[PDB]
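Dumped coords_6.tsv below, it's TSV, C-alpha atoms:
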```tsv
chain	number	residue	atom	x	y	z
A	25	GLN	CA	85.28	53.50	119.67
A	26	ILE	CA	83.54	56.90	119.22
A	27	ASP	CA	84.44	59.43	116.52
A	28	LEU	CA	83.11	63.00	117.17
A	29	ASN	CA	83.39	65.25	114.12
A	30	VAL	CA	83.39	68.94	114.92
A	31	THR	CA	83.03	72.09	112.88
A	32	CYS	CA	84.50	75.50	113.46
A	33	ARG	CA	82.93	77.46	116.26
A	34	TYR	CA	80.83	80.51	115.36
A	35	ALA	CA	80.05	82.84	118.23
A	36	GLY	CA	80.86	79.76	120.32
A	37	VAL	CA	78.38	77.50	118.49
A	38	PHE	CA	79.51	74.25	116.76
A	39	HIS	CA	78.16	71.07	115.13
A	40	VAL	CA	79.02	67.62	116.43
A	41	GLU	CA	78.47	64.47	114.33
A	42	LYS	CA	78.81	61.24	116.31
A	43	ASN	CA	79.98	58.37	114.04
A	44	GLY	CA	77.09	57.72	111.70
A	45	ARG	CA	75.13	60.77	110.72
A	46	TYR	CA	72.04	61.23	112.93
A	47	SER	CA	72.72	58.76	115.73
A	48	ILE	CA	72.36	60.94	118.83
A	49	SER	CA	69.43	61.25	121.25
A	50	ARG	CA	68.36	64.41	123.10
A	51	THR	CA	69.80	63.10	126.35
A	52	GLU	CA	73.05	62.05	124.69
A	53	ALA	CA	73.36	65.47	123.01
A	54	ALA	CA	73.19	67.18	126.42
A	55	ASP	CA	75.79	64.76	127.86
A	56	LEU	CA	78.07	65.25	124.87
A	57	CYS	CA	77.99	69.05	124.99
A	58	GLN	CA	78.70	68.73	128.69
A	59	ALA	CA	81.88	66.78	127.84
A	60	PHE	CA	82.97	69.81	125.79
A	61	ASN	CA	82.22	72.18	128.73
A	62	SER	CA	79.42	73.46	126.49
A	63	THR	CA	75.65	73.50	126.55
A	64	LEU	CA	72.92	72.84	123.99
A	65	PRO	CA	72.49	76.30	122.33
A	66	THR	CA	69.51	78.56	122.93
A	67	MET	CA	67.76	79.78	119.73
A	68	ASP	CA	69.25	83.27	120.23
A	69	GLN	CA	72.81	81.99	120.35
A	70	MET	CA	72.07	79.90	117.28
A	71	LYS	CA	70.69	82.99	115.48
A	72	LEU	CA	73.89	84.84	116.36
A	73	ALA	CA	76.10	81.96	115.20
A	74	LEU	CA	74.22	82.02	111.88
A	75	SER	CA	74.71	85.76	111.31
A	76	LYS	CA	78.52	85.31	111.62
A	77	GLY	CA	78.53	82.67	108.88
A	78	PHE	CA	77.41	79.43	110.51
A	79	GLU	CA	75.58	77.01	108.26
A	80	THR	CA	75.48	73.18	108.09
A	81	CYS	CA	73.57	70.67	106.00
A	82	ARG	CA	72.65	68.56	109.03
A	83	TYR	CA	69.76	68.64	111.52
A	84	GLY	CA	70.74	68.83	115.18
A	85	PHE	CA	69.59	69.48	118.72
A	86	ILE	CA	69.46	72.81	120.37
A	87	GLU	CA	67.75	73.64	123.67
A	88	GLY	CA	64.09	72.78	122.92
A	89	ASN	CA	64.16	72.06	119.17
A	90	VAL	CA	65.88	70.37	116.26
A	91	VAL	CA	67.22	72.85	113.77
A	92	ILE	CA	69.51	73.43	110.80
A	93	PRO	CA	71.14	76.82	110.22
A	94	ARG	CA	71.04	77.97	106.57
A	95	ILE	CA	72.66	81.04	104.97
A	96	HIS	CA	72.71	79.99	101.29
A	97	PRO	CA	69.57	78.32	99.80
A	98	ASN	CA	70.10	74.63	98.88
A	99	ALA	CA	67.62	72.00	97.67
A	100	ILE	CA	68.98	69.12	99.82
A	101	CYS	CA	69.63	71.28	102.94
A	102	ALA	CA	66.27	72.33	104.42
A	103	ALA	CA	64.64	72.72	100.96
A	104	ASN	CA	65.99	76.21	100.20
A	105	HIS	CA	64.86	77.73	103.49
A	106	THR	CA	67.24	80.27	105.08
A	107	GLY	CA	67.67	81.28	108.72
A	108	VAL	CA	67.53	78.91	111.67
A	109	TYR	CA	65.05	76.38	110.29
A	110	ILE	CA	63.13	74.41	112.85
A	111	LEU	CA	62.38	70.74	112.14
A	112	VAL	CA	58.57	70.37	112.39
A	113	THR	CA	57.47	66.81	111.49
A	114	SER	CA	59.57	63.65	111.98
A	115	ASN	CA	58.85	60.06	113.10
A	116	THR	CA	62.27	59.59	114.65
A	117	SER	CA	64.36	60.86	117.58
A	118	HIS	CA	68.00	60.69	116.51
A	119	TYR	CA	69.95	63.62	114.91
A	120	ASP	CA	73.31	65.34	115.26
A	121	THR	CA	73.90	67.95	117.94
A	122	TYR	CA	74.97	71.58	118.26
A	123	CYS	CA	76.92	72.66	121.32
A	124	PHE	CA	77.72	76.11	122.75
A	125	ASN	CA	81.06	77.12	124.30
A	126	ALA	CA	80.86	80.52	126.00
A	127	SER	CA	84.67	80.77	126.21
A	128	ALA	CA	85.20	80.61	122.48
A	129	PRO	CA	86.21	83.63	120.38
A	130	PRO	CA	83.23	85.76	119.28
A	131	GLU	CA	83.49	85.02	115.55
A	132	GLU	CA	84.74	82.07	113.48
A	133	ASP	CA	87.17	79.85	115.41
A	134	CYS	CA	88.40	77.28	112.90
A	135	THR	CA	91.41	76.34	115.01
A	136	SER	CA	91.45	72.66	116.06
A	137	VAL	CA	89.63	71.27	119.11
A	138	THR	CA	92.20	69.21	121.07
A	139	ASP	CA	90.34	67.92	124.22
A	140	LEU	CA	87.03	66.67	125.57
A	141	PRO	CA	87.75	68.54	128.80
A	142	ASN	CA	84.83	67.32	130.87
A	143	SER	CA	84.58	63.63	129.92
A	144	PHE	CA	84.75	61.13	132.79
A	145	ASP	CA	86.26	57.71	133.57
A	146	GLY	CA	85.17	55.02	131.11
A	147	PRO	CA	86.33	52.37	128.60
A	148	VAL	CA	85.57	54.06	125.24
A	149	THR	CA	88.29	55.38	122.91
A	150	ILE	CA	86.82	58.80	122.15
A	151	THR	CA	88.40	60.50	119.14
A	152	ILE	CA	87.69	64.15	118.32
A	153	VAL	CA	87.96	64.70	114.57
A	154	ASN	CA	88.50	68.19	113.10
A	155	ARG	CA	87.60	69.06	109.48
A	156	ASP	CA	91.29	69.57	108.61
A	157	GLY	CA	91.73	65.96	109.78
A	158	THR	CA	93.62	66.71	113.01
A	159	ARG	CA	92.78	64.30	115.85
A	160	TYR	CA	92.77	64.03	119.63
A	161	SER	CA	91.99	60.74	121.44
A	162	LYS	CA	91.17	59.68	125.00
A	163	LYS	CA	89.84	56.70	126.89
A	164	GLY	CA	86.74	57.67	128.84
A	165	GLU	CA	82.99	58.16	128.74
A	166	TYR	CA	80.43	61.05	128.56
A	167	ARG	CA	76.99	59.33	128.45
A	168	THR	CA	75.13	59.36	131.77
A	169	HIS	CA	71.90	57.59	130.66
A	170	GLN	CA	72.11	53.75	130.47
A	171	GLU	CA	69.67	53.45	127.53
A	172	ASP	CA	72.07	55.70	125.57
A	173	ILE	CA	74.73	52.97	126.19
```
Go ahead and render the structure in this file as structure tokens.
Amino acid sequence: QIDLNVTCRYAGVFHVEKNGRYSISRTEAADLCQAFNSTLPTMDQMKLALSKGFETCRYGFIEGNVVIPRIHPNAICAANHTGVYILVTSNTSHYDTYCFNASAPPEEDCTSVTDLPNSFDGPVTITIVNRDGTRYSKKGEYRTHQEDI
């Protein structure tokens, strides 16, 4: 069973938490985004997302780096840095992910995500979990690297 918690989209950019916080690899992140018909964001898209009001208190993959977008300074979220803060030093490889959907509205889309459109045949119950609690489930798979499984 896999629970994927999603935020609102901002300029098409959203945060995905898979079950436990920080349990996704780089290769899984890419696979996951792919299941949403999305891609790992470029820095520039992430900068745009941020300027429209996107912030989280969780580190996550983009294309090339691990980042956390911050608008409002906070002691436990990136130590009061603001902007798209790049993670510099870490021992470990697992974080959350950000994904980018080019088809999303240009601003805040807080409507509910109701499908993992591009997931493939598999045995896992995959549940998408919105912040307002609304859920969509399907039996399938999205991971293409065996070590991720």
What is the distance, in Å and to one decimal place, between atom CA of residue 157 of chain A and atom CA of residue 136 of chain A?
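Value for the atom CA of residue 157 of chain A-atom CA of residue 136 of chain A distance: 9.2 Å.
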Near residue 72 of chain A, within 10 Å and counting all atoms listed in the file, which residues show up once chain neighbours fewer than 6 positions away are dropped, as a list in words?
residues 34, 35, 36, 37, 78, 108, 130 and 131 of chain A
With a distance cut-off of 9 Å and all atoms listed in the file, select the neighbouring residues of residue 59 of chain A, excluding the residue or stretch itself and same-chain residues fewer than 2 positions from it, and output the selection as a count of residues only.
14
May I ask for the distance between atom CA of residue 85 of chain A and atom CA of residue 100 of chain A, given in Å to one decimal place?
18.9 Å
Separation of atom CA of residue 102 of chain A from atom CA of residue 79 of chain A in Å
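One can read the atom CA of residue 79 of chain A to atom CA of residue 102 of chain A distance as 11.1 Å.
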Which protein, DNA or RNA residues are at most 8 Å from (68.7, 62.2, 113.0) in the file's coordinates when you count only C-alpha atoms, listed as an MDAnalysis selection string?
chainID A and resid 45:48 83:84 116:120
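The shortest atom-to-atom distance to residue 172 of chain A, with all atoms listed in the file taken into account, belongs to A:52 out of A:68, A:41, A:145, A:52.
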Nearest residue to residue 138 of chain A out of A:66, A:161, A:121, A:25, using only C-alpha atoms?
A:161
Selection near residue 110 of chain A, 12 Å with all atoms listed in the file, sequence-local residues under 4 positions removed, as an NGL selection string:
:A and (67 or 70-71 or 82-94 or 102 or 105-106 or 114)
Name the closest residue to residue 26 of chain A among the candidates A:65, A:77, A:107, A:147; distances are taken between atoms, counting only C-alpha atoms.
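Among the listed residues, A:147 lies closest to residue 26 of chain A.
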Counting all atoms listed in the file, which of A:160, A:42, A:69, A:33 gets nearest to residue 128 of chain A?
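Closest to residue 128 of chain A of all the choices is A:33.
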